[PDB]
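Protein chains in written order, with the deposited numbering: chain A, 4 to 97; chain C, 17 to 97; chain B, 3 to 97; chain A', 4 to 97; chain C', 17 to 97; chain B', 3 to 97. A prime marks a further copy of an entry chain. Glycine included, C-beta positions come from ideal geometry on N, C-alpha and C. Below is one structure, written out as structure tokens, with a few remarks after it.
Number of protein chains: 6
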Amino acid sequence: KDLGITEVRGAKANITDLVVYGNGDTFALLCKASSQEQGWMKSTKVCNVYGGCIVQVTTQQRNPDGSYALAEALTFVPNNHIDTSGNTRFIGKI
Amino acid sequence: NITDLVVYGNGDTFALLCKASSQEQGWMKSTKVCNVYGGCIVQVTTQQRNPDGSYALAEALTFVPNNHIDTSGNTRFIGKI
Amino acid sequence: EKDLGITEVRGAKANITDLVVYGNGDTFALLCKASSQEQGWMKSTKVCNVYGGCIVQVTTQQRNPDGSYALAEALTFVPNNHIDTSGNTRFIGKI
Amino acid sequence: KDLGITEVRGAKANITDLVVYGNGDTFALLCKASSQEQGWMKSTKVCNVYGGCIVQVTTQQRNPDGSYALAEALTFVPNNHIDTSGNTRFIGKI
Amino acid sequence: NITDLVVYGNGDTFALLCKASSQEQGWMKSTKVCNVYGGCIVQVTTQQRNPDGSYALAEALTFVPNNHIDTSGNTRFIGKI
Amino acid sequence: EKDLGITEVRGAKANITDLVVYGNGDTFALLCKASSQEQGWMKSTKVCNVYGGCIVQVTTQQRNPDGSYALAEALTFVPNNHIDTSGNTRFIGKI
Ligand SMILES: Nc1ncnc2c1ncn2[C@@H]1O[C@@H]2COP(=O)(O)OP(=O)(O)OC[C@H]3O[C@@H](O[C@H]2[C@H]1O)[C@H](O)[C@@H]3O
Ligand SMILES: Nc1ncnc2c1ncn2[C@@H]1O[C@@H]2COP(=O)(O)OP(=O)(O)OC[C@H]3O[C@@H](O[C@H]2[C@H]1O)[C@H](O)[C@@H]3O
Ligand SMILES: Nc1ncnc2c1ncn2[C@@H]1O[C@@H]2COP(=O)(O)OP(=O)(O)OC[C@H]3O[C@@H](O[C@H]2[C@H]1O)[C@H](O)[C@@H]3O
Ligand SMILES: Nc1ncnc2c1ncn2[C@@H]1O[C@@H]2COP(=O)(O)OP(=O)(O)OC[C@H]3O[C@@H](O[C@H]2[C@H]1O)[C@H](O)[C@@H]3O
Ligand SMILES: Nc1ncnc2c1ncn2[C@@H]1O[C@@H]2COP(=O)(O)OP(=O)(O)OC[C@H]3O[C@@H](O[C@H]2[C@H]1O)[C@H](O)[C@@H]3O
Ligand SMILES: Nc1ncnc2c1ncn2[C@@H]1O[C@@H]2COP(=O)(O)OP(=O)(O)OC[C@H]3O[C@@H](O[C@H]2[C@H]1O)[C@H](O)[C@@H]3O
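See below:
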């Protein structure tokens, strides 16, 4: 598992057998932290919709034996969108 | 692909919005959407295979008012009903 | 092993000899399900109709090669919809 | 793990070292299915609050090696309460 | 009981509502509540210890409008603000 | 092993030599945290302020005796509240 992917173009450039259906950036990356050595990645991604957005938080932790623990959570946020017009993205009023 | 697959009801009740996967790295991630009256139900799914062949799994779900997955083109999107 | 293909209580009672049910075990009614007993997974959506809307549950279970399981659950309230079980195919729609 | 507990009185009568803080029936059992042999239990519990209720779904699956997999989920339901005045409980209008 | 415990902020931001546990059977289940303006945040927690000493964990969270955990008596409850 | 006591990005960068951060890594600001590095667990609440409310995340991680981990996450929207970080103790309150 590559712990530092930030967009679908960087994913296709680093995973040789990646298969993507639909718009791979439907959930745009808001922020992410990872340590390849400590084996973890945490990210927030946002899908803009009519009148609000869908916010996803993701955690993945690699174990010493090579296995993984995973968690995901999701919520709807009214009248906000992720702004992707800057280098540092944020959620704000539509 | 699955010889003994059994489906109850509409197996596409949650229609696929997007998906990424890698068979070698052993993970898949998808978003699926069920259109209902006045809004839609959005499901996110992650599955990761481990080196010993076992799996880690996660799921999350939310309601989105006044949106439907629009399947009228090749690229689906969630938008105003 | 876990039966991954149950669709209602009557079927569970007929296939699980020691099943114990408290209350109405069809409170969360099956909307859709897919499963493979040999590949070892099931995914289902269930709906509990309530006053003014319904509660929707999505459920995933995956069997591992060593016979253990991975599991996930998620839940949301849906206003002004109910599962309709009056026809061959069930659906969520306006109350 | 006892897979068939239905109320806090039955839990105290079967678990010798059980410790309960607060009202142990804050989340009242709505429905439950379990198989001791297949090793699983699934339950819905409901906490009545002002103007609505909190609904919890719980799944626990025992593995061949004696370990467990667990999952939980929670949502708020407006203008409904669990009715406990009958033997078979239901969620309905407050 | 925990010698190296480190707490940041108010360690009781989520106040305990109820809890059940068994040290021998190896599980604990709790509900905790954070009072906010106009409502409260309700967290449910489960932890199960395995025979090999490892753990399974689960968490869930929801917002409840116009309720607070009432801590004015020995038995706490969620009720109208 | 996982550092279970991080409270902000500056502390993570100073204690995790290969940390990589995309975007503003304090987007979810720490509200409260408890951890024991020796017992192997951490529990935290983080808040992302947005227009008209905030997003609240609760996070749990537990280390197992074999060095592996169990994890859980949950998330909800809270209307008309923000985390206030202007004082010694942070709190969620009216915007
Ligand atoms: N809820 C999802 N539903 C469907 N598909 C998803 C979801 N979530 C992730 N994906 C796909 O996996 C790829 C890499 O994911 P990843 O390497 O495992 O880490 P990440 O933090 O989740 O994604 C960070 C960025 O990557 C880009 O492509 C992603 C997505 O195409 C995206 O623009 C992300 O914003
Ligand atoms: N949130 C729940 N709360 C309480 N109890 C639950 C829940 N969810 C499931 N149960 C009980 O387990 C039995 C078998 O479940 P299962 O075999 O593991 O598969 P499934 O997809 O979850 O349920 C498919 C159908 O089975 C029937 O009986 C179920 C339920 O009585 C039902 O009519 C289901 O609609
Ligand atoms: N909440 C559910 N409730 C009931 N059943 C479900 C759910 N979720 C998935 N299923 C069933 O599993 C099949 C394959 O699942 P899969 O191979 O494991 O990956 P996926 O990302 O979840 O689904 C990608 C697409 O597959 C199609 O059939 C699905 C569904 O019939 C669907 O149209 C999906 O849109
Ligand atoms: N979100 C919770 N928060 C705090 N505490 C909880 C929660 N959930 C469960 N508990 C406690 O465990 C005991 C047994 O739990 P159990 O044996 O593991 O199975 P169950 O289906 O979850 O609970 C079925 C019934 O048991 C009674 O006592 C429960 C509770 O005091 C209750 O009235 C339940 O309605
Ligand atoms: N939902 C998230 N989405 C994206 N990224 C996240 C999330 N959640 C955490 N991160 C990143 O991991 C780093 C270390 O996290 P961690 O060490 O594993 O502990 P923690 O309790 O989750 O975060 C405590 C503080 O750490 C700082 O940096 C964090 C974050 O940049 C932050 O200011 C936290 O407020
Ligand atoms: N979402 C959280 N965010 C930050 N920190 C958290 C959260 N949740 C828990 N904590 C911290 O762990 C300590 C012990 O946790 P614990 O021993 O593992 O069990 P518990 O049921 O979760 O908490 C029972 C009571 O303990 C007190 O201190 C807690 C908290 O400081 C609290 O007042 C609890 O009300």
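In this structure the region 64-72 of chain B lies against the region 63-82 of chain A', because at least three pairs of beta carbons, one per stretch, are closer than 8 Å.
At least one heavy atom of ligand 5 lies less than 6 Å from the C-beta of A:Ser46. Chain B' places no beta carbon closer than 7 Å to that of C':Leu32, leaving this residue out of the contacts. The C-beta of B:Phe79 comes closer than 7 Å to at least one C-beta of chain A'. If you check the CB distance, A':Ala76 and B:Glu75 come in under 7 Å. Taking C-alpha positions only, C':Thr62 is separated from C':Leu33 by approximately 14 Å. In this structure, ligand 1 has no non-hydrogen atom nearer than 6 Å to the beta-carbon of C:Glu75. Neighbours of A':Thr29 across chain B, judged by C-beta separation under 8 Å, do not exist; the nearest C-beta is about 18 Å away. At a cut-off of 7 Å, the C-beta of B':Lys35 has a neighbouring C-beta in chain C'. Annotation for B':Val60 indicates a beta carbon within 6 Å of some heavy atom of ligand 6.
By the neighbour-count definition (other C-beta atoms within 10 Å, threshold 16), B:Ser88 is an exposed residue.
The C-beta distance from B':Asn83 to C':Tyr53 rounds to 5 Å, short enough to fall under 8 Å. No heavy atom of ligand 6 is found nearer than 6 Å to the CB of C':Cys34. Neighbours of C:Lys48 in chain A, taken as residues whose beta carbon is under 7 Å from its own, are absent, since the nearest beta carbon is some 11 Å off.
The beta carbon of B:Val11 is closer than 7 Å to those of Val23, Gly27 and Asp28 in its chain, skipping five residues each way along the sequence. Taking non-hydrogen atoms of ligand 6 into account, the C-beta of C':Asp28 is found less than 6 Å away from one of them.
Shown here for B':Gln39: same chain residues with a beta carbon closer than 7 Å to its own, the five before and five after excluded, namely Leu6 and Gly7 in chain order. Judged by beta-carbon spacing, A':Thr47 lies beyond the 7 Å limit of B:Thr78, meaning their Cβ atoms are not closer than that value. When 8 Å is used as the limit between beta carbons, B':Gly25 is near these residues of chain A: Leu32, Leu33, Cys34, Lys35, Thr91 and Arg92, in chain order.
In the DSSP assignment, B:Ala31 falls outside any alpha helix (DSSP H) and within the unbroken beta strand (DSSP E) covering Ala31 to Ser38. Scanning the region 65-97 of chain A' for uninterrupted alpha helix (DSSP H) segments of 4 residues or longer gives nothing; none is fully contained.
Taking A':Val58 as the centre and dropping the five residues before and after it, the same chain places the C-beta of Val49, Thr78 and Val80 closer than 6 Å to its C-beta, in chain order.
With 16 or more other CB atoms across the displayed protein chains lying within 10 angstroms of its CB, C':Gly55 is buried.
Taking a 10 Å sphere around the C-beta of B':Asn90, we find fewer than 16 other C-beta atoms and assign the residue as exposed.
Excluding five sequence positions before and after B:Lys15, the CB atoms of its chain that fall closer than 8 Å to its own CB belong to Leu21 and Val23, given in chain order. The beta carbon of A':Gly7 falls within 7 Å of a beta carbon belonging to chain B, placing the residue at that interface.
Annotation for B:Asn51: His84 and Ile85 place their beta carbon closer than 7 Å to its own, counting only its chain and skipping 5 residues before and after.
Close partners of A':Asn83 in chain B (Cβ separation under 8 Å): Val52, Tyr53 and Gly54. Counting along the chain, B:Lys15 sits inside no beta strand (DSSP E); it lies in the alpha helix (DSSP H) bounded by residues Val11 to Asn17.
Taken from the Cβ of A':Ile8, at least one heavy atom of ligand 4 lies inside 6 Å. Closer than 8 Å at the C-beta level to chain B', one finds these residues of the region 63-74 of chain C': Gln63, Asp68, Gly69, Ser70, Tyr71, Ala72, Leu73 and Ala74. Listed in chain order, the non-local C-beta contacts of C:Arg92 below 7 Å within the same chain comprise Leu33, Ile85 and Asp86, local neighbours out to five positions each way being set aside.
In the three-state reduction of the DSSP assignment, A:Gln63 falls in the strand class, which pools E and B.
In this structure, DSSP gives A:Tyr24 an extended state, which the three-state scheme calls strand.
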